[PDB]
Amino acid sequence: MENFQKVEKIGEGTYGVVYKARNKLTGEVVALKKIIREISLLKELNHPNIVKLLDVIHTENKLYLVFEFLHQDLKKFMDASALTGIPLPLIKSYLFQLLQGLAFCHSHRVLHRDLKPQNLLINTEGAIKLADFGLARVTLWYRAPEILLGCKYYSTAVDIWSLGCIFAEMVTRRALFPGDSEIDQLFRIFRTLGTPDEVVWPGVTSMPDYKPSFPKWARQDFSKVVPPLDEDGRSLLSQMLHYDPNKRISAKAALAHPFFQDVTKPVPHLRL
Ligand SMILES: Cc1cc(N2CCCS2(=O)=O)c2oc(-c3ccc(O)c(O)c3)c(O)c(=O)c2c1
């Protein structure tokens, strides 16, 4: 609506375009996403670790979603600190907060479906928030195997897999499974975690796109996956990456993992 004055074009959203804008009325700086019963619900999905949806505006087939604005995203923060790496305390805080945000959405039956560094926003207060939450109901690097294998009614576990991939990237400073096509993505997972079978994943051989012809890769020792992360960390990650969605640790249980024992809330140094 006319009540806004775009300040600059942030980025291309997986649904449309996102602008930094200012409300003439409230005088508040916001994020204007250019694109119903599904978004409305999302307005009541409030939590400190979930980017707030301020308003929804529908007009002439044009849909606008107004969100609180944050200055930087996790992807941009990882590139600018890839030579020095993000300190463990911060990685642990971020992971602990993300799991909090997730534990809340899930407790309410809302999946993100497409978590990735770009949609994780941070501020100078050391807080990180989930962006584009619930909007699903091009990167494939954070997509869970069951999704890739054709499961149509996948669960909250898919978000856990994505966060697990992200957690691994912060530690090593390189994408875990950098797929450039669905088959390449699926095979990259297989080559690290081992081709799944009925032993570790009951039901895998009956899934829509599974094939008795998939190559049989061995599971690589986990200590070569994300070094030099400590045991509490490798233990948590392995559970976030279990093949079977029913076995994959939930957000709630992960917050109880010993890894968060010494969890604090440091602040990164932003250079807005
Ligand atoms: C520096 C930067 C980059 C991005 N973006 C990261 C990738 C999408 S974006 O370019 O908007 C971004 O997205 C969203 C956002 C929230 C919810 C949603 O549904 C969106 O579509 C976008 C914000 O509130 C925000 O403050 C912000 C800031």
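All ligand and atom numbering here is 1-based and tracks the order in the structure. Positions are given from 1, in the same order as the sequence printed here.
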How does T14 reach ligand 1, by side chain, by backbone, by both or by neither, if only non-hydrogen atoms under 4.0 Å count?
-> neither

Taking the minimum heavy-atom distance to atom 28 (C) of ligand 1, which of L70, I50, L272 ranks first?
-> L70

Which ligand 1 atoms are under 4.0 Å away from a heavy-atom of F67?
-> 16 (C), 17 (C), 18 (C), 19 (O), 24 (O)

Look at the side-chain heavy atoms of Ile, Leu, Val, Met, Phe, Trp and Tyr, link any pair under 4.5 Å apart, and say whether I86 and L121 land in one connected group.
-> yes

Taking the six-membered ring for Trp, are the ring centroids of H71 and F69 within less than 6.0 Å of each other?
-> yes

Subset of ligand 1 atoms that lie under 4.0 Å from at least one heavy atom of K33 | 19 (O), 20 (C), 21 (O)

Residue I10 vicinity, atoms of ligand 1 by number, heavy atom under 4.0 Å | 2 (C), 3 (C), 4 (C), 10 (O)

Protein residue, atom and distance nearest to atom 6 (C) of ligand 1, heavy-atom basis | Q118 O, 3.1 Å

Looking only at protein heavy atoms, which one is nearest to atom 25 (C) of ligand 1, and how far off is it?
-> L121 CD1, 3.3 Å

Using a heavy-atom cut-off of under 4.0 Å, does the side chain or the backbone of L135 touch ligand 1, or both, or neither?
-> side chain

Looking only at protein heavy atoms, which one is nearest to atom 15 (C) of ligand 1, and how far off is it?
-> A131 CB, 4.2 Å

Using a 4.0 Å heavy-atom cut-off, say whether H71 meets ligand 1 through its side chain, its backbone, both or neither.
-> backbone

Assess the side chains of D132 and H112: does a donor N or O sit below 3.5 Å from an acceptor N or O?
-> no

Using distance alone, with no hydrogens and no angle criterion, decide if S93 and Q97 have a side-chain donor and acceptor under 3.5 Å apart.
-> yes

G11 heavy atoms, cut-off 4.0 Å: which ligand 1 atoms fall inside?
-> 10 (O)

In this structure, atom 8 (C) of ligand 1 is nearest to the protein heavy atom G13 CA, 4.3 Å

Compute the ring centroids of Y64 and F4, then answer whether they are less than 6.0 Å apart.
-> no

Take the angle between the ring planes of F259 and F167 and call it parallel below 30°, perpendicular above 60°, tilted in between.
-> tilted

So which heavy atom in the protein is nearest atom 20 (C) of ligand 1, and how far is it from that ligand atom?
-> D132 OD1, 2.9 Å

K116 NZ/CZ over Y142 ring centroid, <6.0 Å and within 45° of normal | no

Contact (N/O only, under 3.5 Å) between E68 and ligand 1 | yes

Indicate whether the side chain of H242 and that of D244 have a donor and an acceptor atom separated by less than 3.5 Å.
-> no

Backbone N/O of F96 and side chain of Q100: donor-acceptor pair under 3.5 Å = yes

